[PDB]
Structures are given as C-alpha cells and as structure tokens.
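Asker: Input structure: start.txt, which contains compact mmCIF, C-alpha atoms.
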# COMPACT_ATOMS: atom_id res chain seq x y z
CA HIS A 1 33.81 101.01 89.90
CA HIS A 2 36.65 98.93 88.42
CA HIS A 3 38.60 99.10 91.67
CA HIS A 4 38.45 98.84 95.43
CA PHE A 5 37.98 101.81 97.71
CA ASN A 6 40.48 101.31 100.52
CA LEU A 7 41.95 104.82 100.95
CA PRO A 8 45.25 105.86 102.54
CA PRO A 9 45.14 108.00 105.69
CA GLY A 10 47.20 111.16 105.53
CA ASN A 11 46.08 114.27 103.77
CA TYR A 12 46.98 116.92 101.26
CA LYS A 13 47.76 119.78 103.62
CA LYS A 14 51.44 119.86 102.72
CA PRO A 15 53.58 118.88 99.69
CA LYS A 16 55.16 115.43 99.70
CA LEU A 17 57.88 113.42 98.12
CA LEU A 18 56.47 110.29 96.47
CA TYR A 19 59.01 107.60 97.36
CA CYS A 20 58.95 104.41 95.34
CA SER A 21 59.94 101.41 97.36
CA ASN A 22 60.88 99.49 94.21
CA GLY A 23 64.25 101.18 93.75
CA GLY A 24 64.01 103.92 96.37
CA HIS A 25 63.54 106.76 93.85
CA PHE A 26 61.41 109.87 94.32
CA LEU A 27 59.00 110.61 91.46
CA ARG A 28 60.33 113.58 89.52
CA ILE A 29 58.70 115.86 86.91
CA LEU A 30 61.40 117.83 85.07
CA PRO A 31 60.82 121.30 83.54
CA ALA A 32 60.90 119.82 79.99
CA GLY A 33 57.86 117.69 80.86
CA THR A 34 59.63 114.35 81.25
CA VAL A 35 58.94 112.17 84.26
CA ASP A 36 61.33 109.77 85.95
CA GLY A 37 62.73 109.16 89.42
CA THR A 38 65.90 110.18 91.22
CA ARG A 39 67.49 109.19 94.49
CA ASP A 40 68.73 112.72 95.09
CA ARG A 41 66.65 114.12 97.96
CA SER A 42 68.07 117.55 97.14
CA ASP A 43 66.36 117.65 93.73
CA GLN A 44 64.06 120.62 93.25
CA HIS A 45 61.67 118.74 91.00
CA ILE A 46 60.52 115.97 93.33
CA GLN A 47 58.42 118.17 95.68
CA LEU A 48 54.79 117.44 94.78
CA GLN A 49 51.51 118.88 95.98
CA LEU A 50 48.56 116.50 95.83
CA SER A 51 44.98 117.77 95.90
CA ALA A 52 41.69 115.89 95.98
CA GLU A 53 39.22 116.48 93.16
CA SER A 54 36.72 113.94 94.50
CA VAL A 55 37.17 111.54 97.40
CA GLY A 56 40.04 109.28 96.39
CA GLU A 57 40.71 111.09 93.06
CA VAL A 58 43.77 113.41 92.95
CA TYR A 59 45.99 115.67 90.95
CA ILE A 60 49.71 115.41 91.55
CA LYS A 61 51.52 118.69 90.83
CA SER A 62 55.16 119.81 90.84
CA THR A 63 55.50 122.65 93.33
CA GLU A 64 58.59 123.85 91.47
CA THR A 65 57.13 124.14 87.97
CA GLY A 66 53.37 123.89 88.45
CA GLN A 67 53.17 120.95 86.03
CA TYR A 68 50.64 118.17 86.58
CA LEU A 69 51.54 114.50 86.44
CA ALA A 70 49.55 112.88 83.64
CA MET A 71 49.44 109.58 81.73
CA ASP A 72 48.97 109.73 77.96
CA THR A 73 47.05 107.51 75.57
CA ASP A 74 49.96 105.09 75.17
CA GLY A 75 50.59 104.91 78.92
CA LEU A 76 53.57 107.27 79.21
CA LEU A 77 53.83 109.67 82.12
CA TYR A 78 54.38 113.29 81.27
CA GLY A 79 54.17 116.74 82.89
CA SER A 80 51.12 118.71 81.70
CA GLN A 81 50.99 122.49 81.86
CA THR A 82 47.27 122.39 82.44
CA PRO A 83 44.93 119.93 84.21
CA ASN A 84 43.06 117.52 81.94
CA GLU A 85 41.44 114.09 82.04
CA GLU A 86 44.85 112.43 81.88
CA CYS A 87 45.88 114.10 85.11
CA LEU A 88 43.41 112.46 87.49
CA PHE A 89 44.57 109.52 89.51
CA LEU A 90 42.67 107.20 91.85
CA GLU A 91 44.78 107.22 95.05
CA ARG A 92 44.38 103.97 96.98
CA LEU A 93 45.88 102.13 99.90
CA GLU A 94 47.74 98.98 98.84
CA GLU A 95 49.08 96.11 100.90
CA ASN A 96 47.52 97.88 103.93
CA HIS A 97 50.38 100.42 103.77
CA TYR A 98 51.41 101.97 100.49
CA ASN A 99 49.77 104.50 98.18
CA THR A 100 49.10 103.49 94.53
CA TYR A 101 47.93 105.80 91.78
CA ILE A 102 45.72 104.45 89.03
CA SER A 103 45.08 106.45 85.92
CA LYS A 104 41.41 107.48 86.11
CA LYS A 105 41.22 107.74 82.35
CA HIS A 106 42.57 104.22 81.93
CA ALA A 107 41.30 102.70 85.10
CA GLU A 108 39.53 99.77 83.40
CA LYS A 109 42.97 98.79 82.03
CA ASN A 110 44.64 98.98 85.47
CA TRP A 111 47.35 101.44 84.37
CA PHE A 112 49.37 102.68 87.37
CA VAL A 113 52.01 105.29 88.09
CA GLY A 114 55.17 103.26 88.64
CA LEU A 115 58.96 103.46 88.75
CA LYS A 116 61.38 100.70 87.78
CA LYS A 117 64.46 99.89 89.83
CA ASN A 118 66.63 101.86 87.42
CA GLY A 119 64.57 104.99 87.97
CA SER A 120 62.70 105.06 84.66
CA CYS A 121 58.91 105.23 84.74
CA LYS A 122 56.89 102.20 83.76
CA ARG A 123 54.51 102.51 80.75
CA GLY A 124 50.85 101.92 81.79
CA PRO A 125 50.24 98.53 80.12
CA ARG A 126 53.39 97.21 81.80
CA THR A 127 52.06 97.91 85.27
CA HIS A 128 49.64 95.77 87.27
CA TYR A 129 48.49 94.88 90.72
CA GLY A 130 51.15 93.02 92.61
CA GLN A 131 54.21 94.90 91.45
CA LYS A 132 56.70 96.71 93.68
CA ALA A 133 56.97 99.39 90.96
CA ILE A 134 53.51 100.80 91.79
CA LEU A 135 54.05 101.20 95.51
CA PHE A 136 54.73 104.60 96.99
CA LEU A 137 55.15 106.22 100.38
CA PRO A 138 54.41 109.92 100.61
CA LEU A 139 57.19 111.48 102.71
CA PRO A 140 57.34 114.98 104.17
CA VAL A 141 59.41 117.53 102.25
What would the structure in this file look like if it were written as structure tokens?

Answerer:
Amino acid sequence: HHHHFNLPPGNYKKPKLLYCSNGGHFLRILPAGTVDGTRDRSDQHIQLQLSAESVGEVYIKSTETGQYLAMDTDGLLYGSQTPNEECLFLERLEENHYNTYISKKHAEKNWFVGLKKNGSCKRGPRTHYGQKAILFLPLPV
C-alpha cells in the first residue's frame, strides 16, 4: 500500500454528483469524452454512478452516456467507453470529511482526480495531498 485506508461512509446504492469544494463545480464527463466541471446543477452529464470493484477501489461512470472516468498515462482525465486499468480509483476519506480519488494505476505517484477553481480538471502530476482541488462531496442527484 502506498496510501492510507481511511474510507468514507456512504455507499453506492444511488448515483451522485461529485461536488468539488475548490470552485464548487460538479465533475462532468461530456459525450465527446472530455472531462471538466460545471456549476450548472441541471447538466445531464454530471450524474455519476460509482461502484466498488474491491473495498475502497471504484469505477466512476456517467449515467447519461455510460462512459467511465479514467486517467491516462500523462495524467489527463478522459471518458472511456470501456472499463480498463486507468478507470480504477482508490476512494478515500480526506480531512475526516471529503472523498478523494487516487488513480490506482498511478497511485505510487499520488495522482488524484481534481478540479481547479476555473472548472478545468487538474493533470495528475499537478495534484497532491493537501490541495482543495482534490476534495469532493458526493451529493444526491
């Protein structure tokens, strides 16, 4: 293990919106496969269904398009049509409150899912423990 094992409560029974406290954007996976964030709660591409593959390891999938959130070899988030190694994330509690998602594939490098204040996703190498960009709150749809 390269990381702690404090897990968030909550479950995967229903879809969620992944709200980033950094700028208040919801993670969004557009049909074209791009990933970013939007503050529009009415967006049809921010409803996500998480599922556990192993305790603390999850897939994050767009309920609208079926695409899986994934992080590529250069740390960019993209929507994948099919599940692969780049789609698994270690879901952990952070700051005794938030959910953080570490790329399983690049876990030794501490690459997280994160959104900047302007709503653009952060590239893996630019993320790290301590940032507000990596902190999310799963909200009901």

Asker: Which residues are near residue 88 of chain A? Cut-off 8 Å, all atoms listed in the file, ignore same chain within fewer than 5 positions. Put them as a PyMOL selection string.

Answerer: chain A and resi 57-59+70+103-105

Asker: Quick one: write out the picked residues with C-alpha atoms as a compact mmCIF listing (two decimals), in the frame of the given file?

Answerer:
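Result written to again-v5.txt:
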# COMPACT_ATOMS: atom_id res chain seq x y z
CA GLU A 57 40.71 111.09 93.06
CA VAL A 58 43.77 113.41 92.95
CA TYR A 59 45.99 115.67 90.95
CA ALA A 70 49.55 112.88 83.64
CA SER A 103 45.08 106.45 85.92
CA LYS A 104 41.41 107.48 86.11
CA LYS A 105 41.22 107.74 82.35

Asker: Determine the nearest neighbour of residue 117 of chain A from the options A:22, A:6, A:67, A:100, counting all atoms listed in the file.

Answerer: A:22

Asker: Could you give me, as a ChimeraX atom specification, the residues within 8 Å of residue 75 of chain A, counting all atoms listed in the file and dropping anything in the same chain fewer than 2 positions from it?

Answerer: /A:71-73,77,111,123-125

Asker: If we count all atoms listed in the file and set the cut-off at 7 Å, which residues sit around residue 56 of chain A, ignoring sequence neighbours fewer than 6 positions away in its own chain? Please answer as a list in words.

Answerer: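 Listed by chain and then number, they are residues 7, 90, 91 and 92 of chain A.
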
Asker: Neighbours of residue 20 of chain A within 8 Å (all atoms listed in the file; same-chain residues fewer than 6 positions away dropped), as a PyMOL selection string?

Answerer: chain A and resi 26-27+114-115+133-137

Asker: Using all atoms listed in the file, which of A:141, A:118, A:129, A:97 sits nearest residue 49 of chain A?

Answerer: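 The shortest atom-to-atom distance to residue 49 of chain A comes from A:141.
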
Asker: Measuring atom to atom with only C-alpha atoms, identify which of A:9, A:68, A:48, A:140 is nearest to residue 98 of chain A.

Answerer: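 Result for the nearest residue to residue 98 of chain A: A:9.
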
Asker: Go through A:79, A:66, A:110, A:55 one by one, measure the shortest atom-to-atom distance of each to residue 33 of chain A using all atoms listed in the file, and give the residue with the smallest value.

Answerer: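 The answer is A:79, which sits nearest to residue 33 of chain A.
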
Asker: Please indicate the distance in Å from atom CA of residue 17 of chain A to atom CA of residue 4 of chain A, rounded to one decimal place.

Answerer: 24.4 Å

Asker: Atom CA of residue 89 of chain A and atom CA of residue 24 of chain A, how far apart in Å?

Answerer: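 Separating atom CA of residue 24 of chain A from atom CA of residue 89 of chain A is a distance of 21.4 Å.
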
Asker: Choose the residue, out of A:54, A:63, A:42, A:127, that has the smallest atom-to-atom separation from residue 14 of chain A; count all atoms listed in the file.

Answerer: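 Looking only at the distances to residue 14 of chain A, the closest residue turns out to be A:63.
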
Asker: Could you state the separation of atom CA of residue 85 of chain A and atom CA of residue 23 of chain A in Å, given to one decimal place?

Answerer: 28.7 Å

Asker: Please determine, counting all atoms listed in the file, which residue among A:121, A:29, A:60, A:76 has the shortest atom-to-atom distance to residue 45 of chain A.

Answerer: A:29

Asker: Could you give me, as a VMD selection string, the residues that have an atom at most 9 Å away from the point (45.4, 112.4, 102.8) in the coordinates of the file, using only C-alpha atoms?

Answerer: chain A and resid 7 to 13 50 to 52 56

Asker: Leaving out residue 40 of chain A and any residue of its chain fewer than 3 positions from it, which residues lie within 10 Å of it when counting only C-alpha atoms, given as a list in words?

Answerer: residues 25, 26, 37, 43, 44 and 46 of chain A
